[PDB]
Amino acid sequence: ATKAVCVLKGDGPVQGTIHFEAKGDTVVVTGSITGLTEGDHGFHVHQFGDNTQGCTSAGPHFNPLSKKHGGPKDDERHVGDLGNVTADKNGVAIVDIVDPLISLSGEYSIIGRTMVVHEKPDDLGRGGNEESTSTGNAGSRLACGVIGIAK
Amino acid sequence: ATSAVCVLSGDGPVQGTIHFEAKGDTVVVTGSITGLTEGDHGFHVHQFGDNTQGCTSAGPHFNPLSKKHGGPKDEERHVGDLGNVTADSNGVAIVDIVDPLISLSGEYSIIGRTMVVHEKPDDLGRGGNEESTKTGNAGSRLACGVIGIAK
Ligand SMILES: [Cu+2]
Ligand SMILES: [Cu+2]
Ligand SMILES: [Cu+2]
Ligand SMILES: [Cu+2]
C-alpha cells in the first residue's frame, strides 16, 4: 500500500535491495545494486511476479496501456520503463528515481510484479530495430525479485 | 489478479512452488513442497513481502481483523492461517486447500505478502499454551517466498 521492497537475486554476483515509497501523488524508488559491470544497465518492472523459471518467467515489461518501449521521460513508454541505473568502477549502482507512471495500488500497481536489472544499457526505444521497441536492447536479466509489501 | 504464484526457498533444502487461483469467493491453493521431514508442517501467509532478512523479515501472520490464531475452519483465526501441509516419507508435501478468507484482490489480498512453511505442525490454537494463540507452535520458518501475480 504505502511502502514496498524488492530483493534482487540471480545466478551471478549481482544483488541489490530496492525500496519503493508513495510520497504525495508519486512513487520514490531508492536502493543500491552491487556486482554489476561499470556502465549503464536497463532497469524495468516486468509484468509477472513469477520466478518459477528464474527471471525468464517474469514476462515482458509491465504495459497496461499497450505502448512501445521508451525512456522514463517519454510519453510513449511502458509503465515498467524505468530507464537505466549506472554502476561505478566498483560495480555499485545507487538507485534514486521518482516515477510518475508506476503506483503501489490500483491499476498501475507494481506490487506482486518483478523488478529486473539487465546486462546492457537500455537504448530507450531509440535503437532503430524492432527489439528496441520492445526491450531497449537491454539484453539478459542478471537479477530480479518480486516486489512485496513492506512495513 | 485472478492467479498468483510463489516460489518457496530457504537456507536449507526445503523448496516448493505454490499456485493460487480465484474461484467464486474462494482462493484455491495448489502445489508441492519438497525436502520436508515427514509429518505436518504449519503453512501461513505472513504480513510482509520483505525478504531482506530471509523469512524472518516477513513479520507475523497476516491478521487484518486482529484475531487470535486458529485453524482454517475456525471463526477465530488470522486471515493468513492456512493450517498444515503434510509431507510423506520422501519429504514431499502435496498442497490442495480451498480458503474463503484469503483473497487475490481488495483488502484481504495476499499479493505482495509472504508464504511460509514451518518447522513443526500447527496446533491450530488448541495447544493449551499462549504461544499456541499467536503462531500455533509451528516453530522456525523453513522456506518462504513473496506471492506474485501470475499469467
Ligand atoms: Cu526489461
Ligand atoms: Cu519497456
Ligand atoms: Cu507461520
Ligand atoms: Cu496465525
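Order of the sequence lines fixes the chain letters, A, B, ..., with proteins taken first and strands second; residue numbering starts at 1 for each chain. Any value given below was found using the heavy atoms of this structure, including those in side chains, with hydrogens, waters and symmetry copies removed.
Within 6.0 Å of NZ on A:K67 lie more than 12 heavy atoms contributed by other residues, nucleotides or ligands. At most 12 heavy atoms of other shown residues, nucleotides or ligands fall within 6.0 angstrom of atom CG in A:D25. No more than 12 heavy atoms of other residues, nucleotides or ligands shown are found within 6.0 angstrom of CD on B:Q15. Within 6.0 Å of the CG atom in A:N129, the count of heavy atoms belonging to other residues, nucleotides or ligands exceeds 12.
In plain terms, the two heavy atoms of B:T52 and A:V5 that are nearest each other are CG2-CG2, 4.2 Å. In plain terms, the two heavy atoms of A:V146 and B:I147 that are nearest each other are CG1-O, 4.2 Å. Here the shortest heavy-atom pairing between A:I111 and B:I149 reads O-CD1, 3.7 Å.
Contacts between B:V5 and chain A at a heavy-atom distance below 4.5 Å involve backbone atoms as well as side-chain atoms. Heavy atoms closer than 4.5 Å to chain B are found in the side chain of A:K9, but not in its backbone.
No single ILVMFWY cluster, assembled from side-chain heavy atoms under 4.5 Å apart, contains both A:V116 and A:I33.
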